[PDB]
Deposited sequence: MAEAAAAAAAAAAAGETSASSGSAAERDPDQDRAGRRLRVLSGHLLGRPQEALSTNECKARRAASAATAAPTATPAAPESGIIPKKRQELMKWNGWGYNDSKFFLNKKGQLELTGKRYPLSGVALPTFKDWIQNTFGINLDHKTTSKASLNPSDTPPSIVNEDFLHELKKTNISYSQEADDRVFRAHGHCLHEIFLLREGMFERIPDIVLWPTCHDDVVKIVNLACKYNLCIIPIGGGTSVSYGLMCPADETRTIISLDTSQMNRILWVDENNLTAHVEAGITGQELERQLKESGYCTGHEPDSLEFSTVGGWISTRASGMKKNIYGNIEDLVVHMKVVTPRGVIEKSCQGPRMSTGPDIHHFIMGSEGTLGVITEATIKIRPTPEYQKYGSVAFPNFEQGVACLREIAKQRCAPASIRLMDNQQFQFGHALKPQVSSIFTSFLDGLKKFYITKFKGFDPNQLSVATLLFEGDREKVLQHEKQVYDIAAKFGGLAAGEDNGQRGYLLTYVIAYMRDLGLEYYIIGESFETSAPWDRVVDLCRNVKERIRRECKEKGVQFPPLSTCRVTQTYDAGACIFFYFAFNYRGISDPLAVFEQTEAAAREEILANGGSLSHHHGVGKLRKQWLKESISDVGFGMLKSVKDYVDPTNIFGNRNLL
């Protein structure tokens, strides 16, 4: 649960997650996740092979450049550090498909020169002051799970780049049971956070799909969103307090009030700042008693549009359960192919549901939901089919490394949009992808899929998967990366946002000024130029 210093002992240098977990074919020729870590671990998936085959038409380093008298002064603090190639390479990237290619195939252009491992707030203060004194460049890293190029080192950064690794700065500092808050160190992962809260009878309920590795500091930095936000809030509702070390000095409010009116909220200057302003070291987060009961469910709809209209109605009545998701037909069948052991089934769409709270309330709420669904032609599809798409939630990123071994490339991307744009966006965006792949010479129709993943009063988060069999293609990355950018253009033309939770990093920089206005961009820059005049925090995300 604590990320160890040498990450490659536990985690894959060249892909997602733990060394001991990959898809392989078992002794019966069926796909299976190796290892003992998950629910799905060791569970044969008899129809997954057949699904992959039908869907995709397949069968089956630079030296360290670091100052000698900086290094000297660092030796004084006994802060742990490393200049080893694997250590720097492990931290030179996140989890974009571009990045995960290179790794396996070539080498990166720039990697950190030196990794540092602070264990507390004061360590981070010292590091930041050394960086000021000796003109060095810092890139913070927590889980390393960025999907937005947020950790890529600018290839023209000629300063020494410090990788400031927050993974040893990872304690629950205090739990305040009267105020239901917990003060934690920013390097704690979501797993280690919940596991510890759970022993006192509390949780945070913040469940991004990367919680095994993503950290509190990361969440704040990227404006992270979790599967159960309908109950617990997204990151900007969970955080009541934070402490940030910048070159200019330390940021922190003096009181733990729940809500204030003392000028523009400075917390909001830091959430989303994507590593560009300083290091978030500590944060206070709301907690909640561990829910009494959990119930899964699912609903089948005659088509995707009926499903969307139902999710709209559920949001309009303000009775979304802990989680509700609507998959289109493709993503359904994906799902249904992964089972252990009326309607037209080619347009048929499926919502999955998660209820949690008092057992009394769950089954009451559940009934209100299926009654609403029934007005749209919804029909209960059973708890097991619901319980699946959610026990399957944390495997999906192991699947990418399995596609790559068979010449399949895919990646996800997401947006949020007002309710009245959701249907046209899904359609036009899934169709632009298909159009671009054919025009770029992809030989097989891509996987082009969407789901509705979060509901809000004023609209929805939409999630896309895109993948294709690249064989016979000259330059597969370029095609892919051109098709993704075209999908983004389709997204923005259909009134969707630049991003709902992934952030901007360096992947989506080119669209920011248009998204937030020129003066908006100027405002961000003006904070940057004040907090960090000498651009110590030089990952160049956002701006």
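Residues of the deposited sequence that lack C-alpha coordinates fall in the stretches 1-80, 141-154, 436-456.
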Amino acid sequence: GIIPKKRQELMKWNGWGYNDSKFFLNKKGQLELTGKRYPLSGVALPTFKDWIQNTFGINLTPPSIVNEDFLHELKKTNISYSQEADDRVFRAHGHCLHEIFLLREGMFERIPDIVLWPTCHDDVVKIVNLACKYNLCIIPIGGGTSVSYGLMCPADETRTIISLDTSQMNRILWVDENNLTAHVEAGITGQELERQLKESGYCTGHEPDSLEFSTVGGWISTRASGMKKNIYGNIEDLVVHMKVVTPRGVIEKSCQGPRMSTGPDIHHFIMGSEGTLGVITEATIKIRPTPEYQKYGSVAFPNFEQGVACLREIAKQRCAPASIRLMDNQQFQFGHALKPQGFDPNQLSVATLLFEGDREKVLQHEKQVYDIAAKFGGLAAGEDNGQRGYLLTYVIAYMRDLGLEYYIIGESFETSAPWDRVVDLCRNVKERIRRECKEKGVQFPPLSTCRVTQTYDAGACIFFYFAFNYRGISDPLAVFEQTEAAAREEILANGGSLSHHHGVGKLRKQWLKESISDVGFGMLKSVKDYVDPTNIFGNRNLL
From here on, numbers count along this sequence of modelled residues.
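Between 100-108 and 177-185, it is 100-108 that carries the larger average Cα temperature factor according to the deposited entry.
Stretches compared: 286-294, 132-140. Higher mean C-alpha B-factor in the entry: 132-140. In this entry, the residue among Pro247, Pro208, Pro258, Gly382 with the greatest C-alpha B factor is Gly382.
Going by the entry's values, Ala478 shows the largest Cα B-factor out of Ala478, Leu512, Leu33, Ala487. In this PDB entry, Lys506 carries a Cα temperature factor that places it within the middle third of its chain's modelled residues. When the modelled residues of the chain are ordered by their C-alpha B factor, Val531 lands in the middle third. In this PDB entry, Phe269 carries a Cα temperature factor that places it within the lowest third of its chain's modelled residues. In this PDB entry, the Cα temperature factor of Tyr370 sits in the top third of its chain's modelled residues, the highest group. For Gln333, the recorded CA temperature factor ranks within the highest third of the chain's modelled residues.
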